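Next up: the same protein chain in two forms, each one alone, written as structure tokens (structure 1, then structure 2).
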Structure 1
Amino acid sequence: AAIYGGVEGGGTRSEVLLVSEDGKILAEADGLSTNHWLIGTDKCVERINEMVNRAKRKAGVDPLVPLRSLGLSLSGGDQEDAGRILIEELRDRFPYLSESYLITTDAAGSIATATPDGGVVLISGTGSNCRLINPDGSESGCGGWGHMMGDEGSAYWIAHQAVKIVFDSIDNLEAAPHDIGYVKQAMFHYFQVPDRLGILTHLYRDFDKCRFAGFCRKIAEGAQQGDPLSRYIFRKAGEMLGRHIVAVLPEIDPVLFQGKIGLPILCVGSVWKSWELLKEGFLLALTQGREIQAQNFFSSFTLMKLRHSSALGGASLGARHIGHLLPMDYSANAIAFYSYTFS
């Protein structure tokens, strides 16, 4: 049995799948965090090696035989490649783990799970990113620069607009579009501080990007219960997300438009659980972005969700990096959830 493995990590979820020669998924094991910014490359190496061994036991596979390849689909933030270093520390500490390594990106590992010839992903999790891989080599992207330089339409951004808007309102630097009450109270309560000064501590001493972006869930709840300000912030995240697509539009190979689905857009990230709250902003940004840019027309799009971990894409790409091609059941890996054709 020749085994190929993929890893999903870098963000909040971490996971390993192992795949056989024939593309049959052998086992899945969940793991501890592999965000290399919060944890070092020492721990990263440790949790990856545990994860894979546990999965090997689970699959009924020879514990001593090294993986043919291991495809690591990781949300970089900075591809400052210490991904190079991760591979080096990996083959240094555990030489029996795998014969070969591939570090890719979360976007490329997702795309790889859904289609055999590239496509388009829109990511909205704690951060955001939009990426494209054409049927030929060509790649292209918009805005995966993290929290200090963009992330428009992410959980961070939704959270940041939320506090930015109350700060500016009280200050009289800008008038809010709708009442400040619910969010102002949600804020103080979530961060457990009485006033605006209390919020500074969480920004510059503490700073917990994870806690901060968590605030998005409270805006989502408030929006669901009809608080206009909350509904507003989710509309604008819809636009920002829609704009990422508009941005990459000129770079898309025309054949990707010309099917029954039309342009398939893979939607990765938990913010998409609030799709109903993003829908209008998203539809708007696209609708105004096809007047300004292209009479060279795509007629429709459909949105898709993954049904297996991006680790499956990882495994796929890890095999591709060596000799092999892993068979893939692309119908099973992703499903349609929304469709729209411009009228």
Structure 2
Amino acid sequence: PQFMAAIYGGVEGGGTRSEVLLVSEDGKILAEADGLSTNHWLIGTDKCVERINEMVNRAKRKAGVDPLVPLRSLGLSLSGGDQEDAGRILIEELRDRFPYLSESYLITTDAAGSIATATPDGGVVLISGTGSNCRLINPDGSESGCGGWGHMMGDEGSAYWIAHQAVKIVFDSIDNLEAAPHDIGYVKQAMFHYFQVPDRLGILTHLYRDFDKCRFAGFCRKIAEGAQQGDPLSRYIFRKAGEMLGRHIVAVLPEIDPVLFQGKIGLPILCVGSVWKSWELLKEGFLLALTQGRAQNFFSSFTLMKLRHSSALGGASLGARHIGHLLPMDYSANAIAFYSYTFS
């Protein structure tokens, strides 16, 4: 069942990296492939177009799709996929340049694809990878958000933000502009080690002409490691990151349909992105923000969920709906709880 039936593609295009899934008409994953970054705010639409085609074609060959056979549809769940202009252009260019790629296209957000992987009934996603974003889709389809503004205007509680906070705390400390809350020794040495430079002036080229958000944000690993090994400053930065992520939830709480709080699980919060691997370092800060953030109202508990498949699966489902097809989904298999908290 490869050549007789429609094939539905999804691309998850948030953060360090993209992933394609190809799925059969009946919901069976036929192929997966990794791809490069597809954030148009950072790389422009032209490179996005090239990268999407290249990675989808690798997946097509894995699946054994015959040459020059288009996908039925392709759901692109991309960072910045809500921008009207960028979306129009991405699709025009894909069609013009690569006419055998797919018969139809849907452009949507990374966050939409994530929610759609886990539920058809509305939910909350909280992304923390190289960037951060909090998005709600209510059962009625009304939407709300906090954050998602990128490194130039937010990304609080992301790997970029953790990395930036560490470097900034070190710079200000050494400048005598502001005293660090804890000793900077471990973080300063880790900075010189990670960037392979001997001083602050050497760091600058990695902020300016040689800047790459993935390369800079990767410093967050050294902060996670320091925290794991008990460095006060590193623990503090992760606690503050946890707090910022919690504040994103607190921000959107007033717009959440009360039905979403009901049930044994309480409010489910879908947690997407690499920073959640360090949950234990975020936990104290996260709970401080939630307990401190929630007003006589709403919720007795919440449960943090993670995806068991790529958000590209949700993107495939959305892409199929876009042309009238219900892609079969096993929502129970697609996500699982990793933490639950009851306030009392």
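Residue positions are counted from 1 along structure 1's sequence. The term rigid core refers to the most C-alpha atoms you can superpose between the two forms while keeping them within 1.5 Å.
Superposing the rigid core between the two structures leaves a single residue from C44, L317, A285, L277 with a C-alpha shift of at least 2 Å: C44. Annotation for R68: C-alpha shift of 2 angstroms or more between the two structures, rigid core superposed. If you fit the rigid core between the two structures, you'll see the Cα of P250 move by less than 2 angstroms.
With the core held fixed, the Cα of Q225 is displaced between the two structures by less than 2 Å. We note a C-alpha movement of 2.8 Å at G11 between the two structures, with the rigid core held in register. Here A175 exhibits a Cα shift of 1.0 Å between the two structures, evaluated on the superposed rigid core.
Taking the rigid core as reference, the CA displacement of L32 between the two structures comes to 4.3 Å.
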